[PDB]
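Structure data follow from work.cif (mmCIF, C-alpha atoms and all ligand atoms):
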data_entry
#
loop_
_atom_site.label_atom_id
_atom_site.label_comp_id
_atom_site.auth_asym_id
_atom_site.auth_seq_id
_atom_site.Cartn_x
_atom_site.Cartn_y
_atom_site.Cartn_z
CA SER A 1 0.00 0.00 0.00
CA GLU A 2 0.93 3.68 0.31
CA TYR A 3 3.99 4.27 2.53
CA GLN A 4 4.89 0.56 2.68
CA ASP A 5 8.64 1.13 2.26
CA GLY A 6 9.96 -0.04 5.62
CA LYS A 7 10.45 3.46 7.03
CA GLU A 8 8.40 4.91 9.95
CA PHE A 9 5.22 7.11 10.10
CA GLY A 10 1.84 6.56 8.55
CA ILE A 11 -1.30 8.52 7.78
CA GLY A 12 -2.75 10.48 10.70
CA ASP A 13 0.52 10.61 12.69
CA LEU A 14 1.39 13.93 14.36
CA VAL A 15 5.00 14.77 13.56
CA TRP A 16 7.63 17.44 13.65
CA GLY A 17 8.92 18.06 10.13
CA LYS A 18 12.19 19.69 9.04
CA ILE A 19 12.57 21.52 5.74
CA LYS A 20 15.31 23.90 4.62
CA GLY A 21 14.93 27.42 6.03
CA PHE A 22 12.50 26.56 8.83
CA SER A 23 12.57 25.42 12.45
CA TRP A 24 11.14 21.98 13.17
CA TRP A 25 7.45 22.42 12.42
CA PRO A 26 4.38 20.45 13.57
CA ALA A 27 2.57 18.61 10.82
CA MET A 28 0.16 15.77 10.09
CA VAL A 29 1.12 12.84 7.85
CA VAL A 30 -1.45 12.68 5.03
CA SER A 31 -2.12 10.46 2.01
CA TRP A 32 -1.02 11.73 -1.38
CA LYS A 33 -4.66 11.78 -2.44
CA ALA A 34 -5.26 14.67 -0.05
CA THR A 35 -2.50 16.72 -1.68
CA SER A 36 -3.82 17.09 -5.26
CA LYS A 37 -0.26 16.35 -6.43
CA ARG A 38 1.42 12.95 -6.92
CA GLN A 39 2.49 9.88 -4.95
CA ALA A 40 5.39 10.38 -2.55
CA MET A 41 8.73 8.90 -3.65
CA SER A 42 9.82 5.85 -1.67
CA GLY A 43 10.97 6.85 1.82
CA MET A 44 9.20 10.20 1.66
CA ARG A 45 5.88 11.18 3.26
CA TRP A 46 3.41 13.87 2.40
CA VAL A 47 2.72 16.01 5.44
CA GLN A 48 0.34 18.90 5.94
CA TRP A 49 1.77 21.71 8.09
CA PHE A 50 -0.23 22.98 11.04
CA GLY A 51 -0.88 26.68 10.97
CA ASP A 52 -0.80 27.13 7.20
CA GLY A 53 -2.31 23.88 5.92
CA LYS A 54 0.20 23.47 3.09
CA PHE A 55 1.61 20.14 1.88
CA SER A 56 5.28 19.09 1.56
CA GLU A 57 6.96 15.86 0.43
CA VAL A 58 9.33 15.19 3.30
CA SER A 59 11.84 12.37 3.82
CA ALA A 60 10.95 10.08 6.72
CA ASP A 61 14.45 10.81 8.02
CA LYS A 62 13.34 14.43 8.37
CA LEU A 63 10.38 13.55 10.65
CA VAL A 64 10.02 12.65 14.35
CA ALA A 65 6.97 11.93 16.52
CA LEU A 66 5.36 15.11 17.84
CA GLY A 67 5.39 13.38 21.25
CA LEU A 68 9.14 13.95 21.39
CA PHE A 69 8.09 17.49 22.18
CA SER A 70 10.67 19.23 24.34
CA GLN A 71 13.39 17.82 22.06
CA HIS A 72 12.15 19.75 19.00
CA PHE A 73 10.15 22.61 20.38
CA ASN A 74 12.09 25.70 19.37
CA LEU A 75 11.79 28.31 22.07
CA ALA A 76 13.48 31.07 20.05
CA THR A 77 11.23 30.52 17.05
CA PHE A 78 8.24 30.44 19.39
CA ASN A 79 9.06 33.85 20.86
CA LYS A 80 9.88 35.30 17.45
CA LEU A 81 7.10 34.06 15.10
CA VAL A 82 3.34 34.47 15.54
CA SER A 83 2.88 31.85 12.79
CA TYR A 84 4.77 29.23 14.86
CA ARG A 85 2.62 30.03 17.89
CA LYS A 86 -0.51 29.48 15.81
CA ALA A 87 0.93 26.23 14.45
CA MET A 88 1.52 25.09 18.06
CA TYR A 89 -2.05 25.91 18.97
CA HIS A 90 -3.64 23.86 16.18
CA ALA A 91 -1.17 21.05 16.56
CA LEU A 92 -1.66 20.74 20.33
CA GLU A 93 -5.43 21.07 20.05
CA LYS A 94 -5.48 18.10 17.72
CA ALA A 95 -3.24 16.29 20.21
CA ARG A 96 -5.51 17.18 23.12
CA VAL A 97 -8.62 15.70 21.52
CA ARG A 98 -6.80 12.52 20.54
CA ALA A 99 -5.43 12.01 24.04
CA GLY A 100 -8.82 12.65 25.62
CA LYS A 101 -7.24 15.48 27.63
CA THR A 102 -9.19 18.57 28.74
CA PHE A 103 -8.10 21.95 30.09
CA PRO A 104 -9.87 24.77 32.03
CA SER A 105 -10.73 28.03 30.16
CA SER A 106 -7.20 34.49 24.13
CA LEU A 107 -4.41 32.75 22.16
CA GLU A 108 -1.33 33.10 24.39
CA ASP A 109 -3.62 32.29 27.28
CA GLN A 110 -5.23 29.27 25.65
CA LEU A 111 -1.88 27.94 24.45
CA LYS A 112 -0.24 28.18 27.87
CA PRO A 113 -1.59 24.96 29.47
CA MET A 114 -1.48 22.87 26.28
CA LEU A 115 2.12 24.02 25.90
CA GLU A 116 2.94 23.02 29.49
CA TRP A 117 1.10 19.73 29.03
CA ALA A 118 3.11 19.04 25.86
CA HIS A 119 6.47 20.17 27.26
CA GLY A 120 5.67 18.15 30.39
CA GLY A 121 5.31 14.97 28.36
CA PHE A 122 1.58 14.72 27.60
CA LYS A 123 0.49 13.48 31.00
CA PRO A 124 -1.40 11.36 31.75
CA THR A 125 -1.49 9.40 28.46
CA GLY A 126 2.06 10.07 27.37
CA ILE A 127 2.80 9.99 23.66
CA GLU A 128 0.59 6.92 23.37
CA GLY A 129 -2.42 9.25 23.56
CA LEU A 130 -1.33 11.13 20.44
CA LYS A 131 -1.92 8.21 18.09
CA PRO A 132 -4.65 8.45 15.41
CA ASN A 133 -7.96 6.47 15.09
CA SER B 1 15.57 -11.73 -1.33
CA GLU B 2 13.91 -9.71 -4.16
CA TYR B 3 16.07 -8.83 -7.20
CA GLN B 4 18.79 -11.46 -6.71
CA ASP B 5 18.84 -12.68 -10.31
CA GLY B 6 22.50 -11.67 -10.39
CA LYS B 7 21.65 -8.67 -12.59
CA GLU B 8 22.33 -5.02 -11.88
CA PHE B 9 20.61 -2.46 -9.62
CA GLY B 10 19.16 -2.87 -6.15
CA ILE B 11 16.43 -1.20 -4.12
CA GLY B 12 17.24 2.49 -3.63
CA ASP B 13 19.53 2.92 -6.67
CA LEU B 14 19.08 6.07 -8.72
CA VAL B 15 18.80 5.26 -12.38
CA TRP B 16 17.89 6.42 -15.83
CA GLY B 17 15.11 4.40 -17.31
CA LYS B 18 13.93 4.18 -20.86
CA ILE B 19 10.38 3.29 -21.82
CA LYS B 20 8.83 3.32 -25.32
CA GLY B 21 7.91 6.84 -26.43
CA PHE B 22 9.92 8.66 -23.77
CA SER B 23 13.37 10.11 -23.22
CA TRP B 24 15.63 8.63 -20.60
CA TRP B 25 13.92 9.53 -17.32
CA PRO B 26 15.31 9.65 -13.77
CA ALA B 27 13.87 7.13 -11.31
CA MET B 28 14.52 5.12 -8.17
CA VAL B 29 14.47 1.32 -7.94
CA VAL B 30 11.79 0.33 -5.41
CA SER B 31 10.56 -2.93 -3.86
CA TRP B 32 7.42 -4.31 -5.44
CA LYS B 33 5.75 -3.88 -2.03
CA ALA B 34 5.82 -0.10 -2.32
CA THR B 35 4.01 -0.21 -5.66
CA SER B 36 0.55 -1.45 -4.66
CA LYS B 37 0.83 -3.80 -7.64
CA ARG B 38 2.42 -7.18 -8.29
CA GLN B 39 5.80 -8.84 -7.91
CA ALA B 40 8.27 -8.25 -10.74
CA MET B 41 9.16 -10.95 -13.31
CA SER B 42 12.67 -12.43 -13.58
CA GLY B 43 15.21 -9.76 -14.54
CA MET B 44 12.70 -6.92 -14.13
CA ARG B 45 12.80 -4.10 -11.59
CA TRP B 46 10.15 -1.79 -10.28
CA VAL B 47 11.14 1.83 -10.64
CA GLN B 48 9.41 4.95 -9.40
CA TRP B 49 9.76 7.95 -11.75
CA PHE B 50 10.85 11.24 -10.26
CA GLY B 51 8.45 14.08 -10.96
CA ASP B 52 5.27 12.05 -11.31
CA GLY B 53 5.95 9.40 -8.64
CA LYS B 54 4.44 6.71 -10.89
CA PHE B 55 5.61 3.09 -11.06
CA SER B 56 6.79 0.96 -14.00
CA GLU B 57 8.22 -2.54 -14.36
CA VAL B 58 11.42 -2.18 -16.40
CA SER B 59 14.01 -4.68 -17.55
CA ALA B 60 17.28 -4.45 -15.61
CA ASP B 61 18.91 -4.08 -19.04
CA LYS B 62 16.95 -0.96 -20.06
CA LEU B 63 18.51 0.81 -17.05
CA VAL B 64 21.69 2.82 -16.49
CA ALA B 65 23.00 4.29 -13.22
CA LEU B 66 22.12 7.96 -12.70
CA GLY B 67 25.86 8.58 -12.38
CA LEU B 68 26.16 8.44 -16.16
CA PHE B 69 24.51 11.84 -16.12
CA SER B 70 25.55 13.82 -19.24
CA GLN B 71 25.35 10.78 -21.51
CA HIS B 72 21.64 10.36 -20.77
CA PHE B 73 20.46 13.82 -19.76
CA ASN B 74 18.47 15.22 -22.67
CA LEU B 75 18.76 18.99 -23.16
CA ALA B 76 16.12 19.18 -25.89
CA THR B 77 13.59 17.40 -23.68
CA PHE B 78 14.59 19.59 -20.72
CA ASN B 79 14.00 22.91 -22.51
CA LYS B 80 10.78 21.52 -24.06
CA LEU B 81 8.83 19.99 -21.11
CA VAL B 82 8.34 21.40 -17.63
CA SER B 83 7.62 17.81 -16.44
CA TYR B 84 11.17 16.76 -17.29
CA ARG B 85 12.56 19.81 -15.46
CA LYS B 86 10.56 18.97 -12.33
CA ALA B 87 11.67 15.33 -12.63
CA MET B 88 15.25 16.57 -12.85
CA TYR B 89 14.91 18.75 -9.77
CA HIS B 90 13.52 15.97 -7.60
CA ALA B 91 16.09 13.42 -8.80
CA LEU B 92 19.02 15.75 -8.14
CA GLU B 93 17.55 16.79 -4.81
CA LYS B 94 17.59 13.12 -3.74
CA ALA B 95 21.09 12.81 -5.17
CA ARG B 96 22.19 15.98 -3.35
CA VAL B 97 20.95 14.71 0.01
CA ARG B 98 22.55 11.29 -0.32
CA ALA B 99 25.85 12.92 -1.24
CA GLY B 100 25.78 15.45 1.60
CA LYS B 101 26.13 18.16 -1.04
CA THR B 102 24.78 21.68 -0.30
CA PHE B 103 23.65 24.54 -2.56
CA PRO B 104 23.26 28.22 -1.57
CA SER B 105 19.66 29.40 -2.30
CA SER B 106 12.68 29.67 -8.30
CA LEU B 107 12.86 26.37 -10.28
CA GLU B 108 15.35 26.76 -13.15
CA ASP B 109 17.25 29.00 -10.76
CA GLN B 110 17.40 26.35 -8.05
CA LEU B 111 18.16 23.79 -10.75
CA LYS B 112 21.17 25.43 -12.41
CA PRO B 113 23.80 24.68 -9.69
CA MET B 114 22.57 21.15 -8.96
CA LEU B 115 22.64 20.42 -12.67
CA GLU B 116 26.15 21.82 -13.09
CA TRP B 117 27.16 19.58 -10.19
CA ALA B 118 25.87 16.50 -12.00
CA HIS B 119 27.20 17.27 -15.47
CA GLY B 120 30.59 17.54 -13.78
CA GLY B 121 30.55 14.21 -12.00
CA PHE B 122 29.11 14.98 -8.56
CA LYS B 123 32.25 16.37 -6.86
CA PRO B 124 33.67 16.29 -4.22
CA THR B 125 32.03 12.93 -3.79
CA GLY B 126 31.86 11.30 -7.23
CA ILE B 127 29.08 8.85 -8.07
CA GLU B 128 29.94 7.04 -4.84
CA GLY B 129 27.69 9.57 -3.13
CA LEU B 130 24.45 8.68 -4.93
CA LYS B 131 24.31 5.21 -3.38
CA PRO B 132 21.54 4.38 -0.84
CA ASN B 133 22.36 4.44 2.93
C1 LIG C 201 5.42 25.48 2.95
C2 LIG C 201 6.04 25.55 4.34
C3 LIG C 201 5.45 26.66 5.20
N1 LIG C 201 6.02 26.49 6.54
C4 LIG C 201 5.68 25.15 6.99
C5 LIG C 201 6.77 24.74 7.97
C6 LIG C 201 8.08 24.61 7.29
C7 LIG C 201 5.39 27.38 7.54
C8 LIG C 201 5.35 28.79 7.01
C9 LIG C 201 5.16 29.77 8.17
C10 LIG C 201 6.51 30.14 8.62
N2 LIG C 201 7.54 30.48 9.03
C1 LIG C 202 9.44 7.34 -18.47
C2 LIG C 202 8.58 8.55 -18.21
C3 LIG C 202 7.15 8.12 -17.94
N1 LIG C 202 6.48 9.04 -17.00
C4 LIG C 202 5.34 8.39 -16.32
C5 LIG C 202 4.99 7.01 -16.86
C6 LIG C 202 3.64 6.57 -16.34
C7 LIG C 202 5.89 10.16 -17.75
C8 LIG C 202 6.62 11.44 -17.44
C9 LIG C 202 5.73 12.63 -17.73
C10 LIG C 202 6.08 13.18 -19.04
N2 LIG C 202 6.35 13.67 -20.05
#
Would you mind writing the file's structure down as structure tokens?
Ligand SMILES: CCCN(CCC)CCCC#N
Ligand SMILES: CCCN(CCC)CCCC#N
Amino acid sequence: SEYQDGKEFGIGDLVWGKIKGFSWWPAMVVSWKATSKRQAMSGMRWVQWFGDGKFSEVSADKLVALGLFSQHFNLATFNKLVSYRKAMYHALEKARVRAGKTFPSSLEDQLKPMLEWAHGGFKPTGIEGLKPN
Amino acid sequence: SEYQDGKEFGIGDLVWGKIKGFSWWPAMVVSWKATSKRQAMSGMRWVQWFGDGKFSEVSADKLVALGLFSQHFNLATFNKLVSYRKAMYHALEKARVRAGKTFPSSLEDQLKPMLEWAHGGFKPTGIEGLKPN
């Protein structure tokens, strides 16, 4: 099937993705049929970037689980770029619903506890709660 | 193991491939399991074409290593079809990454230094740098 090349990551997976000129960026792995483009080359994945909803063909060697959060969260980029803060919001929101996590009740202010939850290791489910389906 | 008929080219190799009615086209040799089709016949190879990401079963004798770049690159086709130019970009991009080569950073514009690198034998690495792994 699609993405049956031995490498990691399948459809639905929340990932960090690395492309030239950008900090690690949160994304969702999608099927090529969602992209309106073409099938990924072997060992690549199509991902859709949180925050801007664009698609990129990214090597699987340039992706890591979003659950490895503190290891790829870029604090400098976060402070610098409103777009990265929005990406974080939409990415963590998707994570929060998957994990069955809920927070008490702006943007900065809504991000704050999802960001702590993420940086803290996604307790109580851990990364296990970030899986799709 | 698949493709052990003694012939040339293994999974991951970057190649030029010739099919009826087309110029030599860049591709990667894939396992039949990535194709969502069938196993390959004796002495055949599945290849995935750069640019369109499509799959074809090709004889291991209608295939040359991508390293023989200038001999098979087709300037008339390049100037004529944007599809070939895109195919070229993606193939060299994969080549670039495997080699550890880097280019200071448009299409044709991004293409010109990669393409000069290939026409000149992929220095400082040679064709040894296009191999998989
Ligand atoms: C097509 C890529 C757009 N980029 C996705 C992450 C690399 C985010 C752009 C917003 C910024 N900075
Ligand atoms: C060998 C090249 C074949 N390729 C796809 C074959 C299904 C067409 C390339 C697009 C053009 N022109």
**Q.** All residues 12 Å or closer to residue A:108, only C-alpha atoms, same chain fewer than 5 positions away omitted, as a PyMOL selection string
**A.** chain A and resi 78-79+82+84-86+88-89+113-115
Q) atom CA of residue B:99 and atom CA of residue B:123, how far apart in Å? A)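 Going from atom CA of residue B:123 over to atom CA of residue B:99, I get 9.2 Å.
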Q. Quick one: residues within 12 Å of ligand LIG 202 (chain C), with all atoms listed in the file, as a PyMOL selection string?
A. (chain A and resi 38-39) or (chain B and resi 15-28+47-58+62-63+77-78+80-88)
Q: Could you check which of A:106, A:93, A:46, A:132 is closest to ligand LIG 201 (chain C), using only C-alpha atoms and all ligand atoms?
A: A:46
I need the chain A residues near chain B as a PDB file with C-alpha atoms, keeping the file's coordinate frame; criterion: at most 10 Å, counting all atoms listed in the file.
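Generated output (selection.pdb):
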ATOM      1  CA  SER A   1       0.000   0.000   0.000  1.00  0.00           C
ATOM      2  CA  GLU A   2       0.930   3.680   0.310  1.00  0.00           C
ATOM      3  CA  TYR A   3       3.990   4.270   2.530  1.00  0.00           C
ATOM      4  CA  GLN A   4       4.890   0.560   2.680  1.00  0.00           C
ATOM      5  CA  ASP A   5       8.640   1.130   2.260  1.00  0.00           C
ATOM      6  CA  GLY A   6       9.960  -0.040   5.620  1.00  0.00           C
ATOM      7  CA  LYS A  20      15.310  23.900   4.620  1.00  0.00           C
ATOM      8  CA  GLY A  21      14.930  27.420   6.030  1.00  0.00           C
ATOM      9  CA  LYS A  37      -0.260  16.350  -6.430  1.00  0.00           C
ATOM     10  CA  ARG A  38       1.420  12.950  -6.920  1.00  0.00           C
ATOM     11  CA  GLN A  39       2.490   9.880  -4.950  1.00  0.00           C
ATOM     12  CA  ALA A  40       5.390  10.380  -2.550  1.00  0.00           C
ATOM     13  CA  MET A  41       8.730   8.900  -3.650  1.00  0.00           C
ATOM     14  CA  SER A  42       9.820   5.850  -1.670  1.00  0.00           C
ATOM     15  CA  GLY A  43      10.970   6.850   1.820  1.00  0.00           C
ATOM     16  CA  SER A  59      11.840  12.370   3.820  1.00  0.00           C
TER      17      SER A  59
END
Superposed chain B (ref. Chain A, all C-alpha pairs in order) as a CSV table (one decimal) with C-alpha atoms, in the frame of the given file:
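Printed below is part-v2.csv as written:
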chain,number,residue,atom,x,y,z
B,1,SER,CA,-0.8,0.2,0.5
B,2,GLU,CA,0.9,3.6,0.5
B,3,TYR,CA,3.9,4.2,2.7
B,4,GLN,CA,4.9,0.5,3.2
B,5,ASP,CA,8.6,0.9,2.5
B,6,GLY,CA,9.2,-0.4,6.0
B,7,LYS,CA,10.2,3.1,7.2
B,8,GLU,CA,8.6,5.1,10.0
B,9,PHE,CA,5.4,7.1,10.2
B,10,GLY,CA,1.9,6.3,8.9
B,11,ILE,CA,-1.1,8.4,7.8
B,12,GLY,CA,-2.4,10.4,10.7
B,13,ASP,CA,0.8,10.5,12.7
B,14,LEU,CA,1.7,13.8,14.3
B,15,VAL,CA,5.3,14.8,13.6
B,16,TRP,CA,7.9,17.4,13.6
B,17,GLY,CA,9.3,18.1,10.2
B,18,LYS,CA,12.3,19.9,9.1
B,19,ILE,CA,12.7,21.7,5.8
B,20,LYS,CA,15.5,23.9,4.6
B,21,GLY,CA,15.3,27.4,6.0
B,22,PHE,CA,12.8,26.6,8.8
B,23,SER,CA,12.7,25.5,12.4
B,24,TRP,CA,11.2,22.1,13.2
B,25,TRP,CA,7.5,22.5,12.4
B,26,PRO,CA,4.5,20.5,13.6
B,27,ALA,CA,2.6,18.6,10.9
B,28,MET,CA,0.4,15.6,10.2
B,29,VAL,CA,1.3,12.7,7.8
B,30,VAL,CA,-1.4,12.6,5.1
B,31,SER,CA,-2.2,10.4,2.1
B,32,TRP,CA,-1.0,11.8,-1.2
B,33,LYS,CA,-4.7,11.8,-2.3
B,34,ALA,CA,-5.5,14.6,0.1
B,35,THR,CA,-2.8,16.8,-1.3
B,36,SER,CA,-4.2,17.5,-4.8
B,37,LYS,CA,-0.7,16.8,-6.1
B,38,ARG,CA,1.3,13.6,-6.9
B,39,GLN,CA,2.2,10.3,-5.3
B,40,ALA,CA,5.2,10.4,-3.0
B,41,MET,CA,8.6,8.9,-4.0
B,42,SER,CA,10.1,5.9,-2.2
B,43,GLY,CA,10.8,6.7,1.5
B,44,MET,CA,9.0,10.1,1.3
B,45,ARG,CA,5.9,11.1,3.1
B,46,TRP,CA,3.4,13.8,2.5
B,47,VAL,CA,2.9,16.0,5.5
B,48,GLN,CA,0.4,18.8,6.1
B,49,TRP,CA,1.8,21.7,8.2
B,50,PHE,CA,-0.3,22.9,11.1
B,51,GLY,CA,-1.0,26.6,11.0
B,52,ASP,CA,-0.8,27.1,7.3
B,53,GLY,CA,-2.4,23.8,6.1
B,54,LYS,CA,0.1,23.5,3.3
B,55,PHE,CA,1.6,20.3,1.9
B,56,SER,CA,5.2,19.2,1.5
B,57,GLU,CA,6.9,15.9,0.5
B,58,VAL,CA,9.5,15.1,3.2
B,59,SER,CA,11.9,12.2,3.7
B,60,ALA,CA,10.8,9.8,6.4
B,61,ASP,CA,14.2,10.4,7.9
B,62,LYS,CA,13.8,14.2,8.3
B,63,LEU,CA,10.9,13.4,10.6
B,64,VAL,CA,10.5,12.8,14.3
B,65,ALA,CA,7.3,11.9,16.3
B,66,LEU,CA,5.6,14.9,17.9
B,67,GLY,CA,6.0,13.1,21.2
B,68,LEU,CA,9.6,14.2,21.3
B,69,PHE,CA,8.2,17.6,22.2
B,70,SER,CA,10.8,19.6,24.2
B,71,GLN,CA,13.7,18.4,22.2
B,72,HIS,CA,12.3,19.9,19.0
B,73,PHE,CA,10.1,22.8,20.2
B,74,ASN,CA,11.9,26.0,19.5
B,75,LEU,CA,11.3,28.8,22.1
B,76,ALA,CA,13.2,31.5,20.2
B,77,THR,CA,11.1,30.8,17.1
B,78,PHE,CA,7.9,30.7,19.2
B,79,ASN,CA,8.5,34.1,20.8
B,80,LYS,CA,9.6,35.6,17.4
B,81,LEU,CA,6.8,34.5,15.0
B,82,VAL,CA,3.1,34.5,15.5
B,83,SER,CA,2.8,31.8,12.7
B,84,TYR,CA,4.7,29.4,14.8
B,85,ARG,CA,2.5,30.1,17.8
B,86,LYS,CA,-0.6,29.5,15.7
B,87,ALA,CA,0.9,26.3,14.3
B,88,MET,CA,1.6,25.2,17.9
B,89,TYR,CA,-1.9,25.8,19.0
B,90,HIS,CA,-3.5,23.8,16.2
B,91,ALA,CA,-1.0,20.9,16.6
B,92,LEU,CA,-1.6,20.7,20.3
B,93,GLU,CA,-5.4,21.0,19.8
B,94,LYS,CA,-5.3,18.0,17.6
B,95,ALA,CA,-3.1,16.2,20.1
B,96,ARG,CA,-5.4,17.2,23.0
B,97,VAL,CA,-8.4,15.8,21.2
B,98,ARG,CA,-6.8,12.5,20.3
B,99,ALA,CA,-5.6,12.1,23.9
B,100,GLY,CA,-9.0,12.9,25.5
B,101,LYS,CA,-7.3,15.7,27.4
B,102,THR,CA,-9.3,18.8,28.5
B,103,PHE,CA,-8.3,22.3,29.4
B,104,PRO,CA,-10.4,24.9,31.4
B,105,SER,CA,-10.9,28.1,29.3
B,106,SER,CA,-7.0,34.5,24.0
B,107,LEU,CA,-4.2,32.8,22.1
B,108,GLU,CA,-1.0,32.7,24.3
B,109,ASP,CA,-3.4,32.3,27.2
B,110,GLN,CA,-5.2,29.3,25.7
B,111,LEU,CA,-1.7,28.0,24.7
B,112,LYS,CA,0.0,28.1,28.0
B,113,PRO,CA,-1.7,25.0,29.6
B,114,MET,CA,-1.6,22.9,26.5
B,115,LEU,CA,2.1,23.7,26.1
B,116,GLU,CA,2.9,22.8,29.7
B,117,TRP,CA,1.1,19.5,29.1
B,118,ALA,CA,3.3,18.7,26.1
B,119,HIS,CA,6.6,19.8,27.7
B,120,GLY,CA,5.8,17.4,30.5
B,121,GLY,CA,5.1,14.3,28.4
B,122,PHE,CA,1.3,14.5,27.7
B,123,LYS,CA,0.1,13.0,31.1
B,124,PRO,CA,-2.0,11.2,32.1
B,125,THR,CA,-1.8,9.5,28.8
B,126,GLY,CA,1.8,9.7,27.6
B,127,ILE,CA,2.7,9.8,23.9
B,128,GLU,CA,0.4,6.8,23.5
B,129,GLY,CA,-2.5,9.3,23.3
B,130,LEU,CA,-1.3,11.2,20.2
B,131,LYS,CA,-1.8,8.2,17.9
B,132,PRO,CA,-4.5,8.2,15.2
B,133,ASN,CA,-7.9,6.4,15.9
Q) In Å, with one decimal, what is the gap from atom CA of residue A:129 to atom CA of residue A:67? A)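 Answer for the atom CA of residue A:129 to atom CA of residue A:67 separation: 9.1 Å.
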Q | Straight-line distance linking atom CA of residue A:110 with atom CA of residue A:64, stated in Å to one decimal | A |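 Atom-to-atom, atom CA of residue A:110 to atom CA of residue A:64, that is 25.2 Å.
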Output as JSON the centre and edge lengths (Å, one decimal) of the box along x, y and z of the file that holds every listed atom of stretch 7-23 of chain B after adding 8 Å on each side.
{"center_x": 15.1, "center_y": 0.7, "center_z": -15.0, "size_x": 30.4, "size_y": 34.8, "size_z": 38.8}
Q: Please write as a VMD selection string the list of polymer residues whose atoms come within 6 Å of (28.1, 10.9, -15.2), counting all atoms listed in the file and keeping to the coordinates of the file.
A: chain B and resid 67 to 70 121
Q: Within 10 Å of residue B:130, counting all atoms listed in the file, which residues show up once you throw out same-chain ones fewer than 5 positions away? Write them as a PyMOL selection string, please.
A: chain B and resi 12-15+65-67+92+94-100+122+125
Q) Closest to residue A:124 among A:101, A:109, A:91, A:72, using only C-alpha atoms? A) A:101
